[PDB]
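Visitor:
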Ligand SMILES: OC[C@H]1O[C@@H](O[C@H]2[C@H](O)[C@@H](O)[C@H](O)O[C@@H]2CO)[C@H](O)[C@@H](O)[C@H]1O
Ligand SMILES: OC[C@H]1O[C@@H](O[C@H]2[C@H](O)[C@@H](O)[C@H](O)O[C@@H]2CO)[C@H](O)[C@@H](O)[C@H]1O
């Protein structure tokens with residue numbers, strides 16, 4: 001999937017990612033981070049994957065290893081359709097704004113003040129990114 | 001500058017790139033391409049660089065070498081301010097839509113039907129990209 005690299009996504013800014021979920025999707029993820037074998041914020045939108053149905057699984061990855069999962073059952077997404085999510089953060093917490101207006105919080109586990117990449121994975125295509 | 005990679009920018013689609021020119025700019029470029037040491041379309045917006053003032057210099061790069069320059073004196077850009085450009089193409093030609101409504105044409109010198117990256121260089125920051 002699309003990777004947007006060398007971004008300067010700093011404390012207090014807003015990153016919006018828009019796209020279209022594939023018609024026949026198991027899951028897709030948004031992945032934000034600041035170093036090559038790590039992902040500070042992984043947001044996995046699981047229509048159906050593993051033991052999860054219509055569940056968001058959130059995690060982080062440190063040197064290619066997944067950390068502790070968190071889940072949300074707020075799942076305002078439909079296969080084949082557009083979505084948009086916006087992410088902001090402070091030193092302690094990522095704030096993920098879902099398009100139904102629900103907010104998920106996830107810990108800023110590496111204590112980052114800036115990020116330099118975002119990429120999509122899975123059963124969706126990125127159509128736009130905005131950073132300001 | 002920001003690089004957007006693993007895009008699928010196909011014949012007939014539209015790629016829009018928006019950003020803000022630095023307050024004190026010499027030049028910035030938009031660079032679209034499909035292989036690692038090449039740039040199919042380089043659009044250099046020169047406020048002042050070399051012998052050029054307020055000139056767009058267009059070129060392509062093949063295996064790290066620049067090809068023949070083309071110029072436009074249509075220069076609807078201001079240092080410190082937002083800009084947006086949209087690019088489309090067919091097998092023969094790139095069509096670059098400037099925000100004053102002027103269109104620049106530049107040859108599709110490698111005969112590409114799709115591109116997989118766009119990156120910004122120079123004295124500007126990318127704020128958004130849309131691909132559909
Ligand atoms: O933690 C994010 C990570 O999850 C992996 O899937 C896990 C799954 O969540 C868990 O229930 C099961 O026991 O193990 C799976 C494999 O580790 C995904 O494979 C990975 O891509 C991330 O999404
Ligand atoms: O052709 C695009 C390429 O131009 C380089 O600058 C040229 C300049 O246009 C030319 O007038 C002068 O004689 O040579 C310069 C150096 O090759 C830029 O340096 C390069 O970044 C591209 O923008």
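Protein chains in written order, with this note's numbering: chain W, 1 to 132; chain R, 1 to 132.
Cβ coordinates follow ideal geometry from the N, Cα and C atoms, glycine included.
#1: Under 7 angstroms: does the beta carbon of residue 17 (chain R) sit that close to some heavy atom of ligand 1?
#2: Measuring alpha carbon to alpha carbon, tell me which residue in R:99, R:117, R:1, R:101 is nearest residue 27 (chain R).
#3: Would you kindly work out how many angstroms separate the C-alpha atoms of residue 70 (chain W) and residue 18 (chain W), rounded to a whole number?
#4: When the Cα atoms are used, what is the spatial distance from residue 179 (chain W) to residue 85 (chain W)?
#5: Can you tell me whether residue 31 (chain R) is buried or exposed, with buried defined as 16 or more other CB within 10 angstroms of its CB?
#6: Could you tell me if the beta carbon of residue 54 (chain R) falls within a distance shorter than 7 angstroms of some heavy atom in ligand 2?
#7: Does the beta-carbon of residue 26 (chain R), which I'm using as the reference point, lie nearer than 7 angstroms to any heavy atom of ligand 3?
#8: Could one say the Cβ of residue 15 (chain R) lies closer than 8 angstroms to chain W's Cβ atoms, at least one of them?
#9: Beta-carbon within less than 8 angstroms of residue 20 (chain R)'s beta-carbon, same chain only, minus the 5 sequence neighbours each way: which residues are those?
#10: Could you tell me which residues DSSP puts in a beta bridge with residue 87 (chain R)?
#11: When you compare the CB positions of residue 131 (chain W) and residue 87 (chain W), do they come within less than 8 angstroms of one another, or not?
#12: Could you tell me if residue 108 (chain R) is buried or exposed, where buried requires 16 or more neighbouring beta carbons within 10 angstroms of its beta carbon?
#13: Rounded to whole angstroms, how far is the Cβ of residue 9 (chain R) from the Cβ of residue 115 (chain R), which I believe are closer than 8 angstroms?
#14: Tell me whether residue 40 (chain W), by its Cβ, gets closer than 7 angstroms to a heavy atom of ligand 1.
#15: Could you list which residues in chain R have their beta carbon closer than 8 angstroms to that of residue 127 (chain W), in chain order?
#16: Tell me which same chain residues have a C-beta within less than 8 angstroms of the C-beta of residue 97 (chain R), skipping the five on either side of it?
#17: To the nearest angstrom, how far is the alpha carbon of residue 95 (chain W) from that of residue 61 (chain W)?
#18: Per DSSP, which one or two residues make a beta bridge with residue 122 (chain W)?
#19: Taking only beta carbons into account, state which residues of the stretch 15-34 of chain W come closer than 8 angstroms to chain R, listed in chain order.
#20: Between the Cα of residue 56 (chain R) and the Cα atoms of R:46, R:121, R:13, which residue gives the shortest distance?
#21: Within 10 angstroms of its Cβ, does residue 120 (chain W) collect 16 or more other Cβ (buried), or is it exposed?
#22: Do residue 117 (chain W) and residue 3 (chain W) have their C-beta atoms within less than 8 angstroms of each other?
#23: Helix, strand or coil for residue 79 (chain W) per DSSP?
#24: Tell me, please, whether the CB atom of residue 4 (chain W) is closer than 8 angstroms to any CB atom in chain R?
Guide: Taking the coordinates as given:
#1: no
#2: R:1
#3: 23 angstroms
#4: Nothing about residue 179 (chain W) can be reported from this structure: the residues present for chain W run from 1 to 132 only.
#5: buried
#6: no
#7: As for ligand 3, it is missing from this structure, which binds only ligand 1 and ligand 2.
#8: No, residue 15 (chain R) does not count as interfacial toward chain W.
#9: 80, 81, 82, 83, 124, 125, 127
#10: Answer is R:15, R:96, bridged to residue 87 (chain R).
#11: no
#12: A residue is called buried when at least 16 other Cβ atoms come within 10 angstroms of its Cβ; residue 108 (chain R) meets this threshold and is buried.
#13: 4 angstroms
#14: no
#15: The contacting residues are 130, 131, 132.
#16: 85, 86, 87, 88, 103
#17: The straight-line gap from Cα to Cα measures roughly 18 angstroms.
#18: Assignment of beta-bridge partners to residue 122 (chain W) by DSSP yields W:28.
#19: none
#20: R:46 is the residue among R:46, R:121, R:13 whose C-alpha sits nearest the C-alpha of residue 56 (chain R).
#21: Classification of residue 120 (chain W): buried, given that the 10 Å Cβ count is 16 or more.
#22: yes
#23: In this structure, residue 79 (chain W) counts as coil in the three-state DSSP scheme.
#24: yes
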